[PDB]
RNA sequence: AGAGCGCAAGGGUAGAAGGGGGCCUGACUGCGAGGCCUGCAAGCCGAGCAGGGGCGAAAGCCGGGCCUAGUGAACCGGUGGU
RNA sequence: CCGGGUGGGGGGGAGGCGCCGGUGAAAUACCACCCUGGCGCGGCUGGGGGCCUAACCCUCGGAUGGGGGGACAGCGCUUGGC
RNA sequence: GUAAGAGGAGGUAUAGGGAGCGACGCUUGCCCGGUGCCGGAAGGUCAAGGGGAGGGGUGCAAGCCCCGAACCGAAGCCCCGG
RNA sequence: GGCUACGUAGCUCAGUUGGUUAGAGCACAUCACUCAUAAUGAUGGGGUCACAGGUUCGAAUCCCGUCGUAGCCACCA
């Protein structure tokens, strides 16, 4: 439900993506998880958009 | 009707006001799709000008009145006499 | 009498419908200072960011690639070790945590504060009713929370400026000092334009650069083609 | 093993799936042998390869949750990119 | 805000003020813009009323006109509603 | 009746159209909450229009074309009472 | 969706551009007055100004984020 809602994660260093979910209710401020983009190896990943 | 000048007779059905509701984009469209059909017809009016030896009227188009006064100008140039209202008015043009 | 005699002549030199730009302003407004001493070029800058917008009142922290000449003395509350740094900079009696009452128990003579982030916390909670509200205490962007804020002590001893918005963007850029002629006026004003464009809001539509009024301090000022 | 394993029951499980701590973020990418299932469609399962990544002394596990419900082909378009 | 501020006319005259100190959030001549509310105008831009007739419309024993209404009414296009 | 015009009526609020009841005798109680209807020159919402702060394509440029805020644009429904 | 207004004591309602010192009638409370109830006067309990954030030294008085309430236009592959 939109409370857990649905958001996506983009890398810094210009764009990139990966598919995820959230949980605003739970102590969920923002997120800087650590994944892999299409280009190169594993890196940052920043939280953004709907 | 039909103007005595440059035609200007009615228009019907798929003339239009349609209705529609129409498409664009303001989401998936303004309201997307939208569609219907209607009716539409011209203008006409009255110009009862004197000129020459008598008085005469006109069924003038929306914006073809200066043309009427022009016909007046051409009218003055010739011999417009006797008693014959629309009869003269026709010899005009 | 109303605006004085000096300002009636100095009125017959404004023609309140002019521009000058940074150039003619530099020169003729270098003249527009016949009053006392070191009139501060008061670039008076006004824009449009709705006198708060929650967090859009600039801060702009600038030195104007020259110098002022006045004094701030900083004081600093720099937890012993940081005192050392400030001790080769310009910070009077740096007092680790003790010159706090020489601010709080009524003993002024200072500006800025630089202090630290350490004591910031501590020393924030004490004088945040005077230096804070009025304009000295930390404001973590007014050159007052750090040890790289001592490099900033030299920054504040070469020019701080704290561009804020109050009710009109307003800010009064300070240099001019009626002893700088063409050169330093040109370069100073242009520099301020630079820092100006540097600190920008995130979507506040309008004229980012109306009022400039480049008044020395005692006279005329009419705009600078708010750009060049 | 009658406890627990979110939620209904069923299967199962203390040689762990349960309960405590440390590092983390494999709800990974490009693919997929060969099988479940089945009118179509869709759904289920997965070794390995390869990039690189977490943890592990290693051996090694990792394509979320012990598993079965928490789901909607297409047409329309919204939004970021190529 | 009943406290004084703001302005002009004058008498008359060589004399009258601003910082710190003091107080509080702030210090009060002067200078810069701006806000509050107002007031006058200049650009744009509308709301409301009167008078006029000559568009348009009514009528009176033929009327080239007199009398009534009149920029609405009638209509043409378009605008949203019911 | 698309219309010209027609009936109304060469009649004029004791006159003309629409509705409920149905001689005459008695009589016609409470509710304006939902709605219909009457009015009400403050106002919310909303149209094309009017306007132009602001953005873009493109030409070297002059320019051309599109997007468009503030704010003024009705009926109406909401609102107000009967 | 977009725009608008309101939500503060158990009830019902003001204080609204600050800067003070958060109220009113009902009701509860122990009284007072009357020989007697009621009428009314007094003192207390109840606000946690729709919840937070930020503006200010100092907001229930302002901008902002979430919801609840309603109003019209208006969206729904």
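Every residue, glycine as well, gets a Cβ built from its backbone with ideal geometry; the counts of neighbours run over all protein chains shown. We did not get these values from a lab; they are worked out from the coordinates using the rules stated.
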Expressed in angstrom and rounded, the centroid-to-centroid distance over alpha carbons for region C:96-155 and chain A is 39 Å
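What number in nm² do you get for the protein assembly as shown if you take the convex hull of its Cα atoms and divide its surface by four? Walk me through the numbers before you get to the answer.
On the way: hull surface 163.3 nm².
Hull-based average projected area comes out at 40.8 nm².
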Ranked by GNM mean-square fluctuation in chain B (Cα springs under 10 Å), the top entry among B:20, B:29, B:77 is B:29
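Using only helices, what value at 222 nm comes out for chain C when you add -39,500 (n - 2.57) per DSSP H run of length 4 or more and divide by the total residues, to the nearest 500 deg cm²/dmol?
-7500 deg cm²/dmol
Sorted from fewest to most neighbouring beta carbons within 10 Å, what does the list C:66, C:227, B:64 look like?
Details: C:66 17, C:227 12, B:64 20.
Lowest count first: C:227, C:66, B:64.
Could you work out the helix-only [θ] at 222 nm for chain B, with each DSSP H run of four or more residues adding -39,500 (n - 2.57) and the total divided by the number of residues, to the nearest 500 deg cm²/dmol?
Working: 2 runs with 20 residues, N = 93.
Estimated from H runs of four or more residues: -6500 deg cm²/dmol.
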Can you compute the radius of gyration and Dmax for chain B, using only the Cα atoms, both in Å?
21.8, 72
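Please report the relative contact order for chain C, taking Cα pairs under 8 Å with a sequence separation of at least 6, and give it as a percent rounded to a whole number.
So the answer I get is 40 percent.
Could you list C:136, A:32, C:75, A:5 so that the one with the fewest beta carbons within 10 Å of its beta carbon is first and the one with the most is last?
Values: C:136 22, A:32 10, C:75 26, A:5 13.
Fewest-to-most Cβ neighbours within 10 Å comes out as A:32, A:5, C:136, C:75.
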Within region C:192-228: backbone nitrogen closer than 17 Å to the residue C:70 label point (7 Å, Cα to C-beta)
C:192, C:214-219
How far is the Cα center of region C:49-81 from the Cα center of region C:179-228, in Å?
18 Å
Of C:180, C:208, how do they rank once you tally other Cβ atoms within 10 Å and put the fewest first?
C:208, C:180
When you take every Cα atom in chain C, what is the radius of gyration, and what is Dmax, the widest Cα pair distance, in Å?
19.1, 58
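With a 10 Å radius around each residue's Cβ, average the other Cβ atoms per peptide and rank B:4-16, C:211-223, C:161-173, highest first. Write out the running numbers ahead of the final one.
On the way: B:4-16: 13.0, C:211-223: 21.5, C:161-173: 18.8.
Descending mean neighbour count gives C:211-223, C:161-173, B:4-16.
Assuming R0 = 41 Å, can you tell me the calculated FRET efficiency for the pair residue B:86 and residue B:21, based on Cβ-Cβ distance, to the nearest 0.05?
On the way: r = 48 Å, r/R0 = 1.18.
Efficiency at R0 = 41 Å is approximately 0.30.
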How many nm separate the modelled label positions at residue B:63 and residue C:87, each set 7 Å beyond the Cα in the direction of the Cβ?
8.9 nm
How far apart, in nm, are the 7 Å Cα→Cβ label points at residue B:79 and residue C:107?
12.5 nm
Once you have the Cα-Cα distance between residue C:204 and residue C:59, take 0.36 nm times their residue separation minus that, and quote the gain in nm to one decimal.
50.6 nm
For a protection proxy built on the mean count of beta-carbon atoms within 10 angstrom, sort C:110-121, B:40-51 highest first, please.
C:110-121, B:40-51
For a label point 7 Å from the Cα of residue B:35 along Cα→C-beta, name the residues of region B:1-22 whose backbone N is under 13 Å from it.
B:20-22
